[PDB]
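Next up, input.tsv (TSV, N, CA and C atoms and all ligand atoms):
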```
chain	number	residue	atom	x	y	z
A	23	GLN	N	46.59	51.18	15.29
A	23	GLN	CA	46.35	52.56	14.88
A	23	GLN	C	45.05	53.13	15.49
A	24	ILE	N	45.06	54.41	15.89
A	24	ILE	CA	43.97	55.03	16.67
A	24	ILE	C	42.73	55.41	15.85
A	25	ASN	N	42.92	55.88	14.61
A	25	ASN	CA	41.84	56.35	13.70
A	25	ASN	C	41.08	57.59	14.24
A	26	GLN	N	41.83	58.62	14.61
A	26	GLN	CA	41.40	59.86	15.26
A	26	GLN	C	42.22	61.07	14.74
A	27	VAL	N	41.97	62.29	15.25
A	27	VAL	CA	42.48	63.55	14.66
A	27	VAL	C	43.66	64.18	15.41
A	28	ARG	N	44.50	64.89	14.64
A	28	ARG	CA	45.70	65.61	15.08
A	28	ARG	C	45.39	67.08	15.44
A	29	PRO	N	45.69	67.55	16.67
A	29	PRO	CA	45.62	68.97	17.02
A	29	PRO	C	46.76	69.76	16.35
A	30	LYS	N	46.68	71.10	16.34
A	30	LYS	CA	47.67	71.97	15.69
A	30	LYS	C	49.03	71.92	16.42
A	31	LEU	N	50.10	72.33	15.75
A	31	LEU	CA	51.49	72.28	16.24
A	31	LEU	C	51.70	72.78	17.69
A	32	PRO	N	51.21	73.97	18.11
A	32	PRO	CA	51.36	74.43	19.50
A	32	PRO	C	50.69	73.56	20.55
A	33	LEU	N	49.56	72.98	20.19
A	33	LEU	CA	48.77	72.16	21.08
A	33	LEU	C	49.37	70.75	21.17
A	34	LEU	N	49.76	70.18	20.03
A	34	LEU	CA	50.54	68.95	19.95
A	34	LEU	C	51.85	69.07	20.76
A	35	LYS	N	52.50	70.25	20.78
A	35	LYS	CA	53.67	70.53	21.61
A	35	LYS	C	53.44	70.29	23.10
A	36	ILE	N	52.31	70.72	23.67
A	36	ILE	CA	51.95	70.49	25.08
A	36	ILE	C	51.87	68.97	25.36
A	37	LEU	N	51.14	68.25	24.50
A	37	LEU	CA	50.87	66.81	24.60
A	37	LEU	C	52.16	65.99	24.46
A	38	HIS	N	53.05	66.37	23.55
A	38	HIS	CA	54.36	65.74	23.37
A	38	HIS	C	55.32	66.08	24.51
A	39	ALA	N	55.32	67.33	24.98
A	39	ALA	CA	56.02	67.76	26.19
A	39	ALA	C	55.52	67.01	27.44
A	40	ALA	N	54.29	66.48	27.40
A	40	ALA	CA	53.76	65.57	28.40
A	40	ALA	C	54.15	64.09	28.17
A	41	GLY	N	54.43	63.67	26.93
A	41	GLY	CA	54.70	62.27	26.56
A	41	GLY	C	53.47	61.52	26.02
A	42	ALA	N	52.75	62.11	25.05
A	42	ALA	CA	51.59	61.48	24.39
A	42	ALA	C	51.94	60.20	23.60
A	43	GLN	N	50.92	59.35	23.37
A	43	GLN	CA	51.05	58.01	22.77
A	43	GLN	C	50.84	58.01	21.24
A	44	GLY	N	51.14	59.13	20.58
A	44	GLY	CA	50.95	59.33	19.13
A	44	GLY	C	50.80	60.80	18.75
A	45	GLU	N	50.15	61.06	17.62
A	45	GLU	CA	49.77	62.39	17.12
A	45	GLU	C	48.28	62.50	16.73
A	46	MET	N	47.48	61.47	17.00
A	46	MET	CA	46.07	61.34	16.60
A	46	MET	C	45.27	60.87	17.83
A	47	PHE	N	44.33	61.67	18.32
A	47	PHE	CA	43.53	61.36	19.53
A	47	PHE	C	42.19	62.13	19.56
A	48	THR	N	41.27	61.73	20.44
A	48	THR	CA	40.02	62.45	20.77
A	48	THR	C	40.25	63.57	21.80
A	49	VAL	N	39.25	64.45	22.01
A	49	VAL	CA	39.21	65.53	23.02
A	49	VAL	C	39.52	64.97	24.42
A	50	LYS	N	38.90	63.83	24.75
A	50	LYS	CA	39.03	63.16	26.04
A	50	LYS	C	40.42	62.54	26.26
A	51	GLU	N	41.09	62.12	25.18
A	51	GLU	CA	42.49	61.69	25.19
A	51	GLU	C	43.46	62.88	25.25
A	52	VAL	N	43.29	63.91	24.41
A	52	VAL	CA	44.19	65.07	24.40
A	52	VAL	C	44.23	65.79	25.74
A	53	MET	N	43.06	66.02	26.33
A	53	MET	CA	42.95	66.68	27.63
A	53	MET	C	43.54	65.84	28.79
A	54	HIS	N	43.63	64.51	28.67
A	54	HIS	CA	44.29	63.66	29.68
A	54	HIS	C	45.80	63.93	29.75
A	55	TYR	N	46.43	64.19	28.60
A	55	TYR	CA	47.82	64.63	28.54
A	55	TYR	C	48.05	65.99	29.21
A	56	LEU	N	47.05	66.88	29.28
A	56	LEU	CA	47.17	68.13	30.05
A	56	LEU	C	47.25	67.83	31.55
A	57	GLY	N	46.43	66.91	32.05
A	57	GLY	CA	46.47	66.49	33.46
A	57	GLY	C	47.82	65.91	33.85
A	58	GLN	N	48.37	64.99	33.04
A	58	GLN	CA	49.71	64.45	33.29
A	58	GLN	C	50.80	65.53	33.11
A	59	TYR	N	50.67	66.43	32.12
A	59	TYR	CA	51.60	67.53	31.91
A	59	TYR	C	51.70	68.39	33.17
A	60	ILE	N	50.57	68.86	33.71
A	60	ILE	CA	50.53	69.70	34.92
A	60	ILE	C	51.08	68.93	36.12
A	61	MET	N	50.75	67.64	36.26
A	61	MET	CA	51.25	66.81	37.36
A	61	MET	C	52.78	66.66	37.33
A	62	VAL	N	53.38	66.59	36.13
A	62	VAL	CA	54.85	66.53	35.93
A	62	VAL	C	55.52	67.88	36.09
A	63	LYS	N	54.93	68.90	35.46
A	63	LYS	CA	55.36	70.30	35.51
A	63	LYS	C	55.03	71.00	36.85
A	64	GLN	N	54.23	70.37	37.72
A	64	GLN	CA	53.59	70.87	38.95
A	64	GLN	C	53.14	72.34	38.84
A	65	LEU	N	52.20	72.61	37.93
A	65	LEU	CA	51.72	73.98	37.66
A	65	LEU	C	50.56	74.40	38.58
A	66	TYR	N	50.18	73.58	39.56
A	66	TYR	CA	49.07	73.88	40.48
A	66	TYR	C	49.48	74.70	41.71
A	67	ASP	N	48.50	75.21	42.46
A	67	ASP	CA	48.74	75.90	43.74
A	67	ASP	C	49.12	74.91	44.87
A	68	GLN	N	50.01	75.36	45.75
A	68	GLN	CA	50.41	74.72	47.00
A	68	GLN	C	49.21	74.55	47.95
A	69	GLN	N	48.30	75.54	47.95
A	69	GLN	CA	47.08	75.55	48.77
A	69	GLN	C	45.92	74.75	48.14
A	70	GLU	N	45.86	74.67	46.81
A	70	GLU	CA	44.77	74.05	46.04
A	70	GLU	C	45.31	73.29	44.82
A	71	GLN	N	45.58	72.00	44.99
A	71	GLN	CA	46.17	71.14	43.96
A	71	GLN	C	45.30	70.98	42.69
A	72	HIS	N	43.98	71.13	42.83
A	72	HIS	CA	43.00	71.16	41.74
A	72	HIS	C	42.90	72.52	41.03
A	73	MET	N	43.56	73.58	41.52
A	73	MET	CA	43.63	74.90	40.90
A	73	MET	C	44.98	75.06	40.18
A	74	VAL	N	44.95	75.37	38.88
A	74	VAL	CA	46.12	75.35	37.99
A	74	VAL	C	46.56	76.78	37.65
A	75	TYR	N	47.87	77.02	37.66
A	75	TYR	CA	48.55	78.30	37.38
A	75	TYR	C	49.65	78.12	36.31
A	76	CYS	N	49.26	78.20	35.04
A	76	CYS	CA	50.10	78.08	33.85
A	76	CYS	C	50.81	79.38	33.41
A	77	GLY	N	50.79	80.44	34.22
A	77	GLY	CA	51.45	81.71	33.87
A	77	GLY	C	52.94	81.54	33.54
A	78	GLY	N	53.34	81.96	32.34
A	78	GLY	CA	54.71	81.80	31.80
A	78	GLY	C	55.01	80.45	31.14
A	79	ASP	N	54.06	79.50	31.11
A	79	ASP	CA	54.19	78.22	30.39
A	79	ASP	C	53.62	78.29	28.96
A	80	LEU	N	54.06	77.40	28.06
A	80	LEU	CA	53.47	77.24	26.73
A	80	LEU	C	51.97	76.92	26.84
A	81	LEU	N	51.58	75.99	27.72
A	81	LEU	CA	50.16	75.69	27.94
A	81	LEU	C	49.35	76.96	28.33
A	82	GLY	N	49.92	77.86	29.14
A	82	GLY	CA	49.28	79.13	29.52
A	82	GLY	C	49.19	80.13	28.37
A	83	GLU	N	50.27	80.29	27.60
A	83	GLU	CA	50.30	81.16	26.41
A	83	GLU	C	49.28	80.70	25.35
A	84	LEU	N	49.09	79.39	25.24
A	84	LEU	CA	48.13	78.74	24.34
A	84	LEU	C	46.67	78.84	24.84
A	85	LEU	N	46.46	78.73	26.15
A	85	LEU	CA	45.19	79.01	26.82
A	85	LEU	C	44.79	80.50	26.67
A	86	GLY	N	45.79	81.40	26.59
A	86	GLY	CA	45.60	82.86	26.59
A	86	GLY	C	45.32	83.44	27.99
A	87	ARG	N	45.53	82.62	29.03
A	87	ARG	CA	45.26	82.88	30.45
A	87	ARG	C	46.18	82.05	31.33
A	88	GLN	N	46.58	82.63	32.46
A	88	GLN	CA	47.46	82.00	33.44
A	88	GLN	C	46.78	80.94	34.30
A	89	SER	N	45.45	80.86	34.32
A	89	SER	CA	44.76	79.97	35.28
A	89	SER	C	43.37	79.46	34.91
A	90	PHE	N	43.04	78.28	35.45
A	90	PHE	CA	41.77	77.56	35.36
A	90	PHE	C	41.72	76.52	36.51
A	91	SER	N	40.57	75.88	36.73
A	91	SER	CA	40.39	74.85	37.77
A	91	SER	C	39.98	73.51	37.17
A	92	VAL	N	40.32	72.43	37.86
A	92	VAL	CA	39.83	71.06	37.62
A	92	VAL	C	38.29	71.02	37.65
A	93	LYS	N	37.66	71.92	38.42
A	93	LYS	CA	36.20	72.10	38.52
A	93	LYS	C	35.62	73.12	37.51
A	94	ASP	N	36.46	73.73	36.67
A	94	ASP	CA	36.08	74.67	35.61
A	94	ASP	C	36.90	74.44	34.32
A	95	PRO	N	36.62	73.35	33.57
A	95	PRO	CA	37.40	72.94	32.39
A	95	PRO	C	37.21	73.82	31.15
A	96	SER	N	36.15	74.64	31.12
A	96	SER	CA	35.67	75.44	29.98
A	96	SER	C	36.75	76.05	29.06
A	97	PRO	N	37.78	76.79	29.54
A	97	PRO	CA	38.72	77.44	28.63
A	97	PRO	C	39.62	76.45	27.87
A	98	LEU	N	39.86	75.24	28.39
A	98	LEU	CA	40.59	74.18	27.70
A	98	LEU	C	39.79	73.72	26.48
A	99	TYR	N	38.53	73.38	26.70
A	99	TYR	CA	37.66	72.91	25.64
A	99	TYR	C	37.47	73.99	24.56
A	100	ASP	N	37.48	75.27	24.94
A	100	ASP	CA	37.41	76.41	24.02
A	100	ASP	C	38.69	76.62	23.21
A	101	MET	N	39.85	76.39	23.84
A	101	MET	CA	41.14	76.34	23.14
A	101	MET	C	41.18	75.16	22.15
A	102	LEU	N	40.46	74.06	22.40
A	102	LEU	CA	40.36	72.93	21.48
A	102	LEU	C	39.34	73.21	20.38
A	103	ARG	N	38.21	73.89	20.65
A	103	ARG	CA	37.11	74.13	19.69
A	103	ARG	C	37.57	74.56	18.29
A	104	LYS	N	38.59	75.43	18.25
A	104	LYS	CA	39.22	76.04	17.06
A	104	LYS	C	40.61	75.48	16.68
A	105	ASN	N	41.22	74.64	17.53
A	105	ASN	CA	42.53	74.01	17.30
A	105	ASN	C	42.39	72.56	16.81
A	106	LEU	N	41.39	71.87	17.35
A	106	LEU	CA	41.13	70.44	17.21
A	106	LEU	C	39.69	70.16	16.74
A	107	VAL	N	39.57	69.39	15.66
A	107	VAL	CA	38.29	68.87	15.13
A	107	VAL	C	38.00	67.49	15.73
A	108	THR	N	36.73	67.19	16.03
A	108	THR	CA	36.28	65.94	16.67
A	108	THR	C	35.14	65.26	15.89
A	109	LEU	N	34.88	63.99	16.24
A	109	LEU	CA	33.75	63.19	15.75
A	109	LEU	C	32.40	63.76	16.23
A	110	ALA	N	32.39	64.43	17.39
A	110	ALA	CA	31.19	64.99	18.01
A	110	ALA	C	30.48	66.03	17.11
A	111	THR	N	29.15	65.97	17.06
A	111	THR	CA	28.30	66.78	16.16
A	111	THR	C	26.94	67.15	16.77
B	201	LIG	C1	47.12	67.62	37.50
B	201	LIG	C2	46.18	67.94	38.67
B	201	LIG	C3	45.64	69.38	38.56
B	201	LIG	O1	45.09	66.99	38.60
B	201	LIG	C4	44.10	66.83	39.56
B	201	LIG	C5	44.34	67.22	40.88
B	201	LIG	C6	43.32	67.15	41.83
B	201	LIG	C7	43.57	67.51	43.20
B	201	LIG	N1	43.74	67.79	44.30
B	201	LIG	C8	42.06	66.72	41.45
B	201	LIG	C9	41.82	66.32	40.14
B	201	LIG	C10	42.84	66.32	39.18
B	201	LIG	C11	42.51	65.78	37.83
B	201	LIG	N2	41.30	65.80	37.41
B	201	LIG	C12	41.26	65.48	35.97
B	201	LIG	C13	40.24	66.34	35.19
B	201	LIG	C14	39.14	65.72	34.60
B	201	LIG	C15	38.19	66.47	33.90
B	201	LIG	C16	38.36	67.85	33.76
B	201	LIG	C17	39.46	68.47	34.35
B	201	LIG	CL1	39.75	70.16	34.10
B	201	LIG	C18	40.36	67.73	35.10
B	201	LIG	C19	42.76	65.53	35.55
B	201	LIG	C20	43.18	66.75	34.73
B	201	LIG	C21	42.96	66.75	33.34
B	201	LIG	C22	43.23	67.89	32.59
B	201	LIG	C23	43.72	69.03	33.20
B	201	LIG	CL2	44.01	70.44	32.24
B	201	LIG	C24	43.98	69.04	34.57
B	201	LIG	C25	43.71	67.90	35.33
B	201	LIG	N3	43.46	65.41	36.84
B	201	LIG	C26	44.65	64.77	36.89
B	201	LIG	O2	45.41	64.81	35.94
B	201	LIG	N4	44.99	64.03	37.98
B	201	LIG	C27	44.04	63.42	38.94
B	201	LIG	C28	44.33	61.93	39.20
B	201	LIG	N5	45.74	61.67	39.48
B	201	LIG	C29	46.75	62.46	39.09
B	201	LIG	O3	47.88	62.14	39.40
B	201	LIG	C30	46.43	63.70	38.25
```

Is it possible to express this structure as structure tokens?
Amino acid sequence: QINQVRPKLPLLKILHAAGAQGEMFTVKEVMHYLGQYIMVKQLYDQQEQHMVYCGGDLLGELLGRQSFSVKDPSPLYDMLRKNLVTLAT
């Protein structure tokens, strides 16, 4: 057993649509399922594989924006700030 926290139903949907290893994880575990989700869903640019385009996806509707970069993680962590509680203080 993991001994960690469950994100809300829409966010858990992204992670399960990716194939997550439970319903209880840390920020660093939950966000790893986004990387595998995009790699399976191939939501990145043809020109820039590290640039992500979630427009029309559940992950995009949940982000509230069609795009972010592997070099700019900020809006993911902000979508977690209010969806997911962590050990961090
Ligand atoms: C899925 C595409 C976009 O990912 C990549 C492609 C490239 C290129 N060119 C370079 C890097 C990745 C990358 N970098 C990480 C990452 C770590 C920390 C922060 C962030 Cl934001 C990203 C993580 C990932 C995790 C969450 C998300 Cl939301 C998206 C992507 N991520 C991967 O999931 N990877 C890299 C390793 N092998 C794989 O098969 C997939």

What does the structure give for the distance between atom N of residue 46 in chain A and atom C of residue 99 in chain A, in Å to one decimal?
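Interatomic distance here is 17.7 Å.
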
As a PyMOL selection string, please: the residues near range 74-81 of chain A (cut-off 8 Å, all atoms listed in the file, same-chain neighbours under 5 positions excluded).
chain A and resi 32-33+35-36+60+64-67+86-92

In Å to one decimal, how far is atom C of residue 25 in chain A from atom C11 of ligand LIG 201 (chain B)?
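Spanning atom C11 of ligand LIG 201 (chain B) to atom C of residue 25 in chain A is a straight-line distance of 25.0 Å.
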
Would you mind reading off the distance between CA of residue 69 in chain A and atom N of residue 37 in chain A, one decimal, in Å?
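Rounded to one decimal, the two atoms are 25.7 Å apart.
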
From the options A:98, A:24, A:85, A:104, which residue's atoms come nearest to residue 54 in chain A, counting only C-alpha atoms?
A:98

With 5 Å added on each side, what axis-aligned box encloses every listed atom of ligand LIG 201 (chain B)? Give the centre and edge lengths in Å to one decimal, as JSON.
```
{"center_x": 43.0, "center_y": 66.1, "center_z": 38.3, "size_x": 19.7, "size_y": 18.8, "size_z": 22.1}
```

Minimum-distance residue to ligand LIG 201 (chain B), chosen among A:111, A:48, A:43, A:58 (using all atoms listed in the file)
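Ranking A:111, A:48, A:43, A:58 by distance to ligand LIG 201 (chain B), first place goes to A:58.
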
Rank A:53, A:27, A:34, A:110 by their smallest atom-to-atom distance to ligand LIG 201 (chain B), using only C-alpha atoms and all ligand atoms, and report the top residue only.
A:53

Which one is closest to ligand LIG 201 (chain B): A:28, A:23, A:52, A:38? Count all atoms listed in the file.
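Closest to ligand LIG 201 (chain B) of all the choices is A:52.
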
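With distances taken over only C-alpha atoms and all ligand atoms, A:71 is the one residue among A:71, A:26, A:96, A:108 lying closest to ligand LIG 201 (chain B).
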
Per DSSP on the backbone, what are the helix (DSSP H, G or I) residues of chain A, as a PyMOL selection string?
chain A and resi 31-40+49-63+80-85+96-103

Counting only C-alpha atoms, find the residues whose atoms lie at most 7 Å from (46.3, 74.0, 12.9) (file coordinates) and write them out as a PDB file with N, CA and C atoms, keeping the file's coordinate frame.
```pdb
ATOM      1  N   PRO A  29      45.690  67.550  16.670  1.00  0.00           N
ATOM      2  CA  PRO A  29      45.620  68.970  17.020  1.00  0.00           C
ATOM      3  C   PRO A  29      46.760  69.760  16.350  1.00  0.00           C
ATOM      4  N   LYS A  30      46.680  71.100  16.340  1.00  0.00           N
ATOM      5  CA  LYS A  30      47.670  71.970  15.690  1.00  0.00           C
ATOM      6  C   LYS A  30      49.030  71.920  16.420  1.00  0.00           C
ATOM      7  N   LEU A  31      50.100  72.330  15.750  1.00  0.00           N
ATOM      8  CA  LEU A  31      51.490  72.280  16.240  1.00  0.00           C
ATOM      9  C   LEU A  31      51.700  72.780  17.690  1.00  0.00           C
ATOM     10  N   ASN A 105      41.220  74.640  17.530  1.00  0.00           N
ATOM     11  CA  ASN A 105      42.530  74.010  17.300  1.00  0.00           C
ATOM     12  C   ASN A 105      42.390  72.560  16.810  1.00  0.00           C
TER      13      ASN A 105
END
```

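Every residue of chain A with a DSSP assignment of strand (DSSP E), taken from the backbone, is listed as residues 73, 74, 75, 89, 90 and 91 of chain A.
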
Nearest residue to ligand LIG 201 (chain B) out of A:102, A:84, A:109, A:61, using only N, CA and C atoms and all ligand atoms?
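Smallest separation from ligand LIG 201 (chain B) among the options: A:61.
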
Save range 26-60 of chain A to disk from that block, N, CA and C atoms included, as a short mmCIF file (atom, residue, chain, number, x, y, z; two decimals), in the first residue's frame.
```cif
data_model
loop_
_atom_site.label_atom_id
_atom_site.label_comp_id
_atom_site.auth_asym_id
_atom_site.auth_seq_id
_atom_site.Cartn_x
_atom_site.Cartn_y
_atom_site.Cartn_z
N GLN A 26 -0.58 7.51 0.57
CA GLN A 26 -0.57 8.81 -0.12
C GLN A 26 -2.00 9.23 -0.53
N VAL A 27 -2.17 10.38 -1.20
CA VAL A 27 -3.49 11.02 -1.41
C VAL A 27 -4.08 10.86 -2.81
N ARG A 28 -5.42 10.85 -2.87
CA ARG A 28 -6.25 10.72 -4.07
C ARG A 28 -6.61 12.10 -4.67
N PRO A 29 -6.29 12.38 -5.95
CA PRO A 29 -6.77 13.57 -6.66
C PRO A 29 -8.28 13.45 -6.97
N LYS A 30 -8.92 14.56 -7.36
CA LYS A 30 -10.37 14.60 -7.64
C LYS A 30 -10.72 13.79 -8.90
N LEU A 31 -11.99 13.41 -9.05
CA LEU A 31 -12.51 12.56 -10.14
C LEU A 31 -12.01 12.94 -11.56
N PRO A 32 -12.07 14.20 -12.03
CA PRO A 32 -11.56 14.58 -13.36
C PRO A 32 -10.07 14.37 -13.56
N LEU A 33 -9.31 14.58 -12.51
CA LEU A 33 -7.86 14.47 -12.54
C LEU A 33 -7.44 13.00 -12.46
N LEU A 34 -8.08 12.23 -11.57
CA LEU A 34 -7.95 10.77 -11.51
C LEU A 34 -8.31 10.13 -12.87
N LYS A 35 -9.31 10.67 -13.60
CA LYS A 35 -9.66 10.24 -14.96
C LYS A 35 -8.49 10.29 -15.94
N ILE A 36 -7.69 11.36 -15.95
CA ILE A 36 -6.50 11.49 -16.81
C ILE A 36 -5.50 10.36 -16.49
N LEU A 37 -5.20 10.17 -15.20
CA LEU A 37 -4.23 9.21 -14.67
C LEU A 37 -4.66 7.76 -14.95
N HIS A 38 -5.95 7.46 -14.82
CA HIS A 38 -6.52 6.15 -15.15
C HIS A 38 -6.59 5.92 -16.66
N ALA A 39 -6.96 6.94 -17.44
CA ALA A 39 -6.87 6.94 -18.90
C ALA A 39 -5.42 6.74 -19.38
N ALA A 40 -4.43 7.07 -18.54
CA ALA A 40 -3.03 6.74 -18.77
C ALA A 40 -2.63 5.32 -18.31
N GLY A 41 -3.34 4.72 -17.34
CA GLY A 41 -3.00 3.43 -16.72
C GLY A 41 -2.20 3.55 -15.42
N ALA A 42 -2.65 4.38 -14.47
CA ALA A 42 -2.03 4.54 -13.15
C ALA A 42 -2.05 3.26 -12.28
N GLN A 43 -1.14 3.19 -11.30
CA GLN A 43 -0.89 2.01 -10.46
C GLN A 43 -1.68 2.03 -9.13
N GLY A 44 -2.85 2.68 -9.12
CA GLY A 44 -3.71 2.86 -7.95
C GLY A 44 -4.61 4.09 -8.05
N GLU A 45 -5.04 4.60 -6.89
CA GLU A 45 -5.81 5.85 -6.74
C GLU A 45 -5.20 6.81 -5.70
N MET A 46 -4.02 6.51 -5.16
CA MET A 46 -3.33 7.23 -4.08
C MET A 46 -1.87 7.43 -4.48
N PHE A 47 -1.42 8.68 -4.65
CA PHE A 47 -0.04 9.00 -5.10
C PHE A 47 0.39 10.43 -4.68
N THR A 48 1.69 10.73 -4.77
CA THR A 48 2.26 12.08 -4.62
C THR A 48 2.17 12.90 -5.92
N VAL A 49 2.44 14.21 -5.86
CA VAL A 49 2.52 15.17 -6.99
C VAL A 49 3.47 14.64 -8.08
N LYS A 50 4.63 14.14 -7.65
CA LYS A 50 5.68 13.62 -8.52
C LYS A 50 5.30 12.30 -9.21
N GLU A 51 4.46 11.49 -8.56
CA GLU A 51 3.85 10.29 -9.16
C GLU A 51 2.68 10.65 -10.09
N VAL A 52 1.74 11.51 -9.66
CA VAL A 52 0.58 11.88 -10.50
C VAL A 52 1.00 12.52 -11.82
N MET A 53 1.95 13.45 -11.76
CA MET A 53 2.46 14.13 -12.95
C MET A 53 3.23 13.19 -13.90
N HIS A 54 3.80 12.08 -13.41
CA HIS A 54 4.45 11.08 -14.28
C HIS A 54 3.44 10.38 -15.20
N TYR A 55 2.23 10.12 -14.70
CA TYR A 55 1.13 9.61 -15.52
C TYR A 55 0.69 10.60 -16.60
N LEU A 56 0.88 11.92 -16.43
CA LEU A 56 0.63 12.89 -17.51
C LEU A 56 1.64 12.71 -18.65
N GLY A 57 2.92 12.51 -18.32
CA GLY A 57 3.96 12.26 -19.32
C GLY A 57 3.68 11.00 -20.14
N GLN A 58 3.34 9.89 -19.48
CA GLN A 58 2.95 8.66 -20.20
C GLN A 58 1.63 8.84 -20.96
N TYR A 59 0.65 9.56 -20.41
CA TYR A 59 -0.61 9.86 -21.08
C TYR A 59 -0.36 10.57 -22.41
N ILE A 60 0.41 11.66 -22.40
CA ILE A 60 0.73 12.43 -23.61
C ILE A 60 1.52 11.57 -24.59
#
```
